[PDB]
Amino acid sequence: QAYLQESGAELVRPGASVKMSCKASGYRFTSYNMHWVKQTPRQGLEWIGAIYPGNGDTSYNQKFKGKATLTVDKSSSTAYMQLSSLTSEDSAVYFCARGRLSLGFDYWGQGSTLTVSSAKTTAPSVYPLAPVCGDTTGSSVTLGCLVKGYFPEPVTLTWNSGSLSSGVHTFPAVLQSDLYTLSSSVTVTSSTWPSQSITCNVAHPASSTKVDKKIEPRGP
């Protein structure tokens, strides 16, 4: 019955400040401490601090002192966390969780994703990846698609309008100088390409763009 509904994703520029919320329901809000946790690939899960809704008393991890500020609104059974002087290092997923003195963090919020960037919304450049000299060895050939320089995530990618689903690998986007870059691989029989056309279809909702890029065999 206990539930923790967190606010949606946040996308801001460095130096800004954000106030995330965690709405508690299904239990007596003032009876348990509310904890906040940061999660990043490089730093794993880090405890930020805790607050006792009963009187607002707070405890902080020295690492986040001055960065996060915990507060609550008793009447609305809501917990809040403000993060200030934001930098790219604050980009992560932040969870609220109900603390039990002896039972640990029994219930967690779904998490709120925070992205702090100097970048602006930008459609990607879609480049074809055709094997060198259009060669191949076995009975298969691998082609690719390079989706470079877009912001923010995500992009949707299919091969031949999705008709080619097997033999496809789309790699996780990687950040680079404020923008994202992603690539996708597709393997077909050599009797399929270049005999038939293979096209990469790429959409970037945030910029309302949709692009199709045909993979052409080429010579020097």
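Start at 1 with the first residue shown and count on from there.
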Pick between 68-76 and 142-150: the one whose mean CA B-factor in the entry is higher. 68-76
Lowest, middle or highest third: which one holds residue 86 when the chain's residues are ordered by CA B-factor from the entry? middle
Third of chain Cα B-factors occupied by residue 203: middle
Relative to the other modelled residues in the chain, which third contains the C-alpha temperature factor of residue 53: lowest, middle or highest? middle
Mind checking which third residue 125 falls in for C-alpha B-factor across the chain? lowest
Sorting by Cα B-factor within the chain, modelled residues only, which third would residue 97 end up in: lowest, middle or highest? lowest
